[PDB]
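Student: Starting from these lines, generate the structure:
(chains A, B, C, D and E, ligands or ions: 7)
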Amino acid sequence: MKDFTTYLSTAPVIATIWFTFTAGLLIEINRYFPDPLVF
Amino acid sequence: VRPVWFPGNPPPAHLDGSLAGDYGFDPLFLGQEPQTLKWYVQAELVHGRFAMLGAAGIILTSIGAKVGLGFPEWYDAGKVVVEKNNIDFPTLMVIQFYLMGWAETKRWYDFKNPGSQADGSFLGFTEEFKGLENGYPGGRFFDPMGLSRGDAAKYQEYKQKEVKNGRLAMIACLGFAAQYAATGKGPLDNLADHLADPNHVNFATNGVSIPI
Amino acid sequence: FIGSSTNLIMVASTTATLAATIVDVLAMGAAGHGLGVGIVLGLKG
Amino acid sequence: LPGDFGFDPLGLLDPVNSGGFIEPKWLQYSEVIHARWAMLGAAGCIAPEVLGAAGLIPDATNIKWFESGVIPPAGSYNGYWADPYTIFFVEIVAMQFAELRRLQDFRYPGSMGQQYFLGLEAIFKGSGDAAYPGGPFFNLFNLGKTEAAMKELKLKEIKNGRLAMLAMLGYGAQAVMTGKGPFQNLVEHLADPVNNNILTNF
Amino acid sequence: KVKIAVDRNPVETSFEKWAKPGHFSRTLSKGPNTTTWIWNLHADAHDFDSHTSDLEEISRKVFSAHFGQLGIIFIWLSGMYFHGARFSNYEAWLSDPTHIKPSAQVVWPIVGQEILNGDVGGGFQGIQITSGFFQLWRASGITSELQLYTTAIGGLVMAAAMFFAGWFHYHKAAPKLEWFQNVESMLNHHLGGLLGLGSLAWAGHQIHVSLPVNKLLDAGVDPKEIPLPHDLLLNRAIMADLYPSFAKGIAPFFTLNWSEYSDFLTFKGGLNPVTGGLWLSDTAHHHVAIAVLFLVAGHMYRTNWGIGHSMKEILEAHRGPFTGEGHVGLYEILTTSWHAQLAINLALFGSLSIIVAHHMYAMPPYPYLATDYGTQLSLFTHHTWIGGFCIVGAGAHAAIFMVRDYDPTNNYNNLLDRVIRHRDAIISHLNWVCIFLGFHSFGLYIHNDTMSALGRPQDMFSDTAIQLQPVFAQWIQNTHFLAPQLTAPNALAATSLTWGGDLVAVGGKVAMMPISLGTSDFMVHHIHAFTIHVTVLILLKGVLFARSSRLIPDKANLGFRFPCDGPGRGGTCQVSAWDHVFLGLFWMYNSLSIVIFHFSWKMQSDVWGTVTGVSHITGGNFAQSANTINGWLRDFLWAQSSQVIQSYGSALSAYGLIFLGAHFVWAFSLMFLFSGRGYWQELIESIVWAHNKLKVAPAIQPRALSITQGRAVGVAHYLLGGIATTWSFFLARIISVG
Ligand code: CLA
Ligand code: CLA
Ligand code: CLA
Ligand code: CLA
Ligand code: CLA
Ligand SMILES: CC1=C(/C=C/C(C)=C/C=C/C(C)=C/C=C/C=C(C)/C=C/C=C(C)/C=C/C2=C(C)CCCC2(C)C)C(C)(C)CCC1
Ligand code: SF4
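Tutor: Numbers count the residues shown, from 1 in each chain, chains lettered A, B, ... in the order given. Ligands and ions are numbered 1, 2, ... in the order given. The protein structure is shown below:
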């Protein structure tokens, strides 16, 4: 389990999780606030 | 020696038997680290205690709903309380966040620093917010009748009873949720239907649980 | 069907390949059935 | 060792470089498990037809074995105390307990006589062998108290079992092809041995 | 002695080596110091030969890898069936195949991408799919979404079984080397069990499920009203109602009176006229014949009993005066070298995929496929590309064998040796014939361009000026069309409409008509011959000179993949066989792009179109326009790019976006192909200085990509760009004019 957490701490897995979080956050913001251009 | 969840297999090395409810049940090895196992012990106790309190609420309100007292069913209870009283929903939710976040955060930072909430910084209280063990906070407030400091072997027996009743109430609440999602009825109405026709009214006749 | 021309060709093919252990029985019986099915379906056309 | 007649054309009991589920210990043990389930299958697929032809059980029962509810396309029987899925969940739980404790004695020999099972622990001590536990329930009457008598009984179990396995494959084949029961096939082959064979039903 | 051989518990299942990147290589297990390490970690991840020298361990690794691939493919099939059941218009399409467009992908309503859900009919909105799954599912007799859902669950379960099989046969019970080396047994089992039992069981499903359901669908009865397949197995009276042969049962099979099975085992040929696909009775007879043929073929090699042939004995028996020892040593080569096997199997698997493309366009096997012009173009193009890639791979792994596994002290005066020993003659003759083909094939186009530009059309190579008729192909076509009358008496029609004859139309569209070959077809076929010969030249030169040349006498010691041997001796850039694969990749792209352009223009010009006479999609301009480059430039690319360039504001706008994006990626590749890593390393030095100034220089040192990685990135973005460009062009074009 320690080795599995080290594997999850490796670089492409963290890039995948972090870009999934960032893309989902932007997707959620563009859903609930549709089409923002200003402010 | 001790009874394992799966007879024949030895228990894992990180589950020894010192814990209450220690049956060696960790096939995914989620608690190999001792700090993660400590945190999961306390999460198990909190989920279990909320499930026991919730399941007792479900059962008592459903008894009072089948016997003609006018109690709602639990999937309509929150709506009818908010609408029949003078209660706005988001203010009661925010007050819940305040009180539960205060108490919960005291629990969090007593997990982090183990004797630190008994400093006197909360109003004047000392050693009444000191914990006894991991997830066992018995002082004068949380153990007022005082069963954890007399007859220690009987207190170990109560720890075993608490963990077993908590696991039973967690699967019972998962019960009530699944039973409602399948049948669309009150759970003690479902119990009345099973007592009416045991051989014919069940999950193999709901038409949802086995779709064949 | 017994005594017909297809029966005679199949029995003659199986006896010819068996006259030409369990393994030899299976192999020459498969070859005899193949040759017999070929001759039966070929003499029709 | 029981039923060792030397017949292995495809060489699967080779001890050299074995593993997985191809192994002497797995193959002999699965051979006796298939044998015992097929003896029970052969007796169970015969018995309603012969007891309805003998006039012992009524005609609401005594149906063909594939019309029992095994295959509801082949026909089902209303008159059981519940639906067949209500029956089948009890079968899931019961056979899960039985087969799963049997698996644990195969994987860990003797491990089914320590953890508390309602006082049923001396019954499941097993022996130093799979496939033949014994004990006060799996050997009720002490049959095979002599070692040679025990070998003879194991060999008779093997032979009656292999015969019943061939018979159960027979019941499946006849049931698919002619669409009737095996006792009905007995009646037709004993009535006309020439005009009721496999060569006629094509 | 053929038997099962397995080692018990070789490799423990543990997450430890997941947490140690590059554990498999002694060099890469030291850890990263520069950025090059990462790339190496992914480049050498699956090169199992460079991990261990033990052939057994390598063989086990490739076995479990193959299981992983099969599990991935099963996940993919599961996905296609599930999306076909839950997010499609398949039932509506079944009720009206001629006026509902197959769609099985829907987009969510965010950021305006909702417009991609277009009006496909059937009260549905989505992206029209061109994989041809709907036609496959109708041909298989599927009628409801429930059956597709159950197929999805089944494929997912099978994927879980494949990944368990991988884990099991690597970590728990891993086969021994002498198990892997039983190639005679492997051929017997794969020819019997795989191809044989595969086509037997499929013919079983066809005869028992496909034929009645599709016979009713062609009769016109509502799909929901059609009896479910299990009822067809259960009550043989219905089977006897549709085809009376089934009344007699399996008695004519065993009594050899097979002529009574003519109801469902036919030899009609042509296409089903109400449906535009091959007769399923012909397909059933075909799969039964194929089954019997392969089961006969699978009993050829000796295993545990005396009967059967021996591969080494058949190889060592064929020796002549011209070739010396002949095929001696080839058995030893093909039972110890995975790369040789991979070369052979890739070559034939690619060629087979190209044959699949041609035979599936020419003889449409699925119902309502020939008139789904987008599906036809997509399938042909796709399988042609896959084919070409596998051929280039064949050349690659042939060269990899030549460098790593070739050992002449077991291979001394042999077929391979003589090929190596007259390689200069081989390459020089191939060189000359490539230049000859290039000059005369391309020169006719340049000649025509010049004559057309100079106002002298009477001096061109065309059907009205100096004609160059494909007399041989026309003769073969005519012979094929006249074959049912004399040389195939039991055939009611020719095997394909393209030979000649009438015209089969479905829903007002042309399914297939006779294809005529003229001067333009002559010219494109010789262009094809030229490009294929050049690709063969590059790849074959790569494999023949992989070990040594007059330039690099010891090239073998430098490996398969290396940048060069320095600027000396005039310059030795791209001398490696890997670099020959790199150039062969570009030439393969060239060849197959002209092939799919030929197919697209020819079909739209002389085959497809509506029936009123037939009005073709491009009016029949091929015969007069496909003789000049300006003709291809104007009448094909420019003319048919209208749909893609004006796809904005509609559901096809994604094809415009991917048109532009693909152009961009193609161009982006040119930086890598045209430049070199010295410049980039120095640029990175300056940037590293800038990062050092602000205390943000990484501990893993930024390095420019290697020479070979620059070439690899280059060719990959080049291929992706070009291929995706033609993809967007094709799909937008054929969906809007289809
Ligand atoms: C397709 C490639 C492939 C190949 C070449 C092998 C080869 C092998 N397997 Mg592996 N295996 C595979 C796939 C494969 N397996 C898959 C997909 C699974 C997951 C199910 C496994 C799980 C597995 C286990 C658990 C074991 C093996 C074992 C073996 C070895 C001996 C098997 C044997 O001959 O017994 C003869 C085969 C049988 C007695 C079973 C045949 C009947 C079953 C049900 C399979 C039916 C297949 C058939 C195509 C299904 C038709 C369905 C249709 C009628 C509807 C042999 C090395 C054994 C081993 O390692 O011993 C050394 C072993 O214990 N395999
Ligand atoms: C007649 C039995 C039989 C069948 C049907 C196959 C089929 C296959 N083998 Mg072969 N194999 C066999 C016997 C057989 N093998 C024997 C006897 C040997 C030893 C001489 C081998 C040695 C061997 C090697 C080294 C490899 C294969 C591989 C393959 C697969 C090629 C991929 C493909 O295109 O298939 C299309 C895909 C399918 C048809 C999917 C269905 C597959 C299931 C598992 C049915 C196949 C039957 C299987 C043998 C039964 C296993 C039962 C298991 C529980 C014991 C294919 C599944 C390759 C592979 O891909 O490994 C994973 C591979 O590398 N085989
Ligand atoms: C290769 C795949 C395949 C399969 C699976 C089938 C299957 C079938 N076909 Mg056939 N068919 C095929 C190819 C196939 N066909 C081809 C290639 C042709 C062209 C020549 C035909 C032409 C054809 C005709 C003309 C007819 C059939 C018919 C049939 C059905 C009955 C056949 C029969 O009596 O078998 C013999 C019986 C068996 C093989 C028995 C199976 C063994 C059993 C299941 C074993 C069970 C043993 C087990 C221990 C017992 C269960 C215990 C458990 C409950 C606990 C059967 C569904 C008949 C039909 O019904 O049409 C609708 C029919 O009239 N077929
Ligand atoms: C327009 C683009 C283009 C052209 C014309 C060429 C041309 C050629 N390539 Mg090249 N290639 C290209 C792109 C191109 N390539 C690119 C982008 C790459 C990078 C991947 C390569 C990589 C590459 C490889 C790896 C190989 C080639 C080879 C060849 C030669 C093939 C032999 C031949 O067909 O001779 C016939 C000549 C032609 C087809 C050129 C046109 C001649 C015209 C029609 C007639 C000439 C008469 C002229 C008008 C008279 C002029 C008079 C005037 C001076 C006064 C040919 C010269 C191969 C080779 O040389 O082996 C034989 C080879 O192996 N090329
Ligand atoms: C590359 C292929 C190619 C071919 C086959 C042709 C063919 C032709 N051109 Mg074109 N042309 C080409 C490329 C080609 N051109 C290109 C690239 C351009 C742009 C520069 C032109 C620009 C052009 C113009 C402006 C004109 C032509 C014309 C012609 C025609 C007359 C040529 C002539 O009289 O030559 C004389 C013939 C020869 C020199 C023959 C030499 C080759 C011999 C036959 C090879 C034999 C080898 C033999 C088989 C080996 C045997 C060995 C053995 C004995 C041992 C002829 C059809 C003329 C025309 O009007 O046509 C109607 C004309 O005015 N061409
Ligand atoms: C001498 C003797 C005897 C006798 C024995 C016998 C009588 C035997 C027999 C044997 C036999 C009698 C065998 C046979 C076999 C056969 C087989 C094994 C077959 C197979 C077949 C097949 C394989 C087929 C195939 C096919 C099909 C399916 C279709 C297509 C075509 C073909 C034809 C190819 C006794 C014991 C009494 C006594 C002692 C002495
Ligand atoms: S470095 Fe680049 S350029 Fe210099 S030789 Fe090697 S390859 Fe040719």
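Student: which ones are touching residue E:195?
Tutor: If you count contacts by CB atoms under 8 Å, 6 or more residues apart in numbering or on different chains, residue E:195 has them with E:290, E:294, E:298. Every residue, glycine included, has its C-beta placed from N, CA and C.
Student: the strands in chain A, which residues?
Tutor: Taking DSSP state E as the test, none of chain A falls into strands.
Student: Residue numbers of it in contact with chain E?
Tutor: Within chain A, the positions near chain E by CB under 8 Å from any CB of the partner chain are A:1, A:3, A:4, A:6, A:7, A:10, A:27, A:30, A:31, A:35.
Student: contacts with chain B among the residues you listed, please.
Tutor: Among the residues of chain A next to chain E, the residues within reach of chain B (CB under 8 Å from any CB) are residue A:1.
Student: And the residues of chain A next to chain E, which of them are buried?
Tutor: Neighbour-count burial within the residues of chain A next to chain E applies to A:4, A:7; the criterion is 16 or more other CB atoms under 10 Å in any protein chain shown.
Student: I'd like the list of the residues of chain A next to chain E that fall within helices, please.
Tutor: A:3, A:4, A:6, A:7, A:27, A:30, A:31 (DSSP state H).
Student: So the first one is in contact with residue E:13, correct?
Tutor: If I follow you right, that is residue A:3. No. Here residue A:3 lies out of contact with residue E:13, judged by CB atoms under 8 Å, at a distance of 11.9 Å.
Student: Give me the contacts around stretch B:138-150.
Tutor: Under the criterion CB under 8 Å, 6+ apart, residues B:127, B:128, B:129, B:130, B:131, B:132, B:136, B:137, B:154, B:155, B:158 lie in contact with stretch B:138-150.
Student: and residue 21, how many neighbours does it have?
Tutor: Chain wasn't specified; assuming chain A. Residues near residue A:21, counting by other CB atoms under 10 Å in any protein chain shown, number 10.
Student: that's the wrong chain, I meant chain D
Tutor: 10.
Student: Pull the contacting residues for it.
Tutor: So residue D:21 contacts residue D:30 (CB under 8 Å, 6+ apart).
Student: which SSE is the residue nearest the centre of chain C in?
Tutor: Nearest residue to the geometric centre of chain C (CA atoms, centre = their mean): residue C:13, 3.2 Å. With elements taken from DSSP states H and E, the one containing residue C:13 is helix C:5-19.
Student: Now do the SS call for the closest residue to residue B:3 other than its chain neighbours.
Tutor: Nearest residue to residue B:3 in three dimensions, chain neighbours excluded: residue D:115, at 5.0 Å (CB to CB, 6 or more residues apart in numbering or on different chains). The assignment at residue D:115 comes out as coil when based on DSSP: H, G, I helix; E, B strand; the rest coil.
Student: Just the helices from the stretch 551-700 of chain E, written as ranges.
Tutor: Using DSSP state H, counting those that start in this stretch, the helices of the stretch 551-700 of chain E run over residues E:577-606, E:622-625, E:629-631, E:639-640, E:642-645, E:653-674, E:677-693.
Student: Out of the ones you listed, the one nearest residue E:68 is which?
Tutor: Nearest to residue E:68, of all the helices of the stretch 551-700 of chain E, is helix E:577-606, at 24.7 Å by CB to CB.
Student: Is ligand 7 within reach of the closest one?
Tutor: No. Helix E:577-606 lies out of reach of ligand 7 by CB under 6 Å from any ligand atom, never closer than 9.3 Å.
Student: Now that helix: buried residues?
Tutor: Those would be E:577-589, E:591-606, for helix E:577-606 by 16+ other CB under 10 Å.
Student: count of residues packed around the residue lying closest to residue E:269 once chain neighbours are set aside?
Tutor: Once flanking residues are discounted, residue E:269 sits nearest to residue E:493: 4.1 Å by CB to CB, 6+ apart. Counted with other CB under 10 Å, the neighbours of residue E:493 add up to 17.
Student: Just give me the neighbour total for residue E:296.
Tutor: 14.
Student: One more: residue B:49?
Tutor: Residue B:49, neighbours per other CB under 10 Å, totals 16.
Student: Who are the contact partners of residue D:87?
Tutor: For residue D:87, the contact set (CB under 8 Å, 6+ apart) comprises residue D:80.
Student: Go ahead and list the helix or strand containing the residue nearest in space to the middle of chain B.
Tutor: The centroid of chain B falls nearest to residue B:48 when counting by CA atoms, centre = their mean (2.3 Å). Per DSSP H and E, residue B:48 falls inside helix B:34-66.
Student: Now look at that helix and say if it contacts chain E.
Tutor: No. Judged by CB under 8 Å from any CB, helix B:34-66 stays clear of chain E, getting no closer than 15.2 Å.
Student: now for the helix holding residue C:13, which elements pack on it?
Tutor: Contacts defined by 3 or more CB pairs under 8 Å, 6 or more residues apart in numbering or on different chains; DSSP states H and E place helix C:5-19 against helix C:22-44.
Student: Next, the buried residues of the helix it packs on.
Tutor: Buried residues in helix C:22-44 (16+ other CB under 10 Å): C:27, C:28, C:31, C:32, C:35, C:36, C:37, C:40.
Student: so the fourth one touches residue C:19, yeah?
Tutor: Read it as residue C:32. No. Residue C:32 lies out of contact with residue C:19 (CB under 8 Å); the separation is 9.9 Å.
Student: distance of the residue nearest to residue B:3 from residue B:186?
Tutor: Per CB to CB, to the nearest Å, residue D:115 is found 39 Å from residue B:186.
Student: How about residue E:643?
Tutor: According to CB to CB, residue E:643 stands 61 Å off from residue B:186.
Student: who's more crowded, those two?
Tutor: When residue E:643 and residue B:186 are compared for neighbours, residue B:186 comes out ahead with 22 against 19, by other CB under 10 Å.
Student: Once you drop chain neighbours, what's closest to that one?
Tutor: Take residue B:186 and drop its neighbours on the chain: the residue closest to it by CB to CB, 6+ apart is residue B:73, 4.5 Å away.
Student: who are the neighbours in contact with that neighbour?
Tutor: Residue B:73 touches B:61, B:62, B:65, B:186, counting by CB under 8 Å, 6+ apart.
Student: returning to what we had before: could you provide the buried residues of helix C:22-44 in CSV, with additional columns for distance to residue D:9?
Tutor: Below are the buried residues of helix C:22-44 laid out as CSV (distance: CB to CB, whole Å):
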residue, distance to residue D:9
C:27, 14
C:28, 17
C:31, 20
C:32, 21
C:35, 26
C:36, 26
C:37, 27
C:40, 31
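Student: for those residues, which one is nearest ligand 3?
Tutor: residue C:37 (12.8 Å; CB to the nearest ligand atom).
Student: Near ligand 6, which residues of chain A are found?
Tutor: Counting by CB under 6 Å from any ligand atom, chain A has no residue next to ligand 6.
Student: No further queries at this time; thank you.
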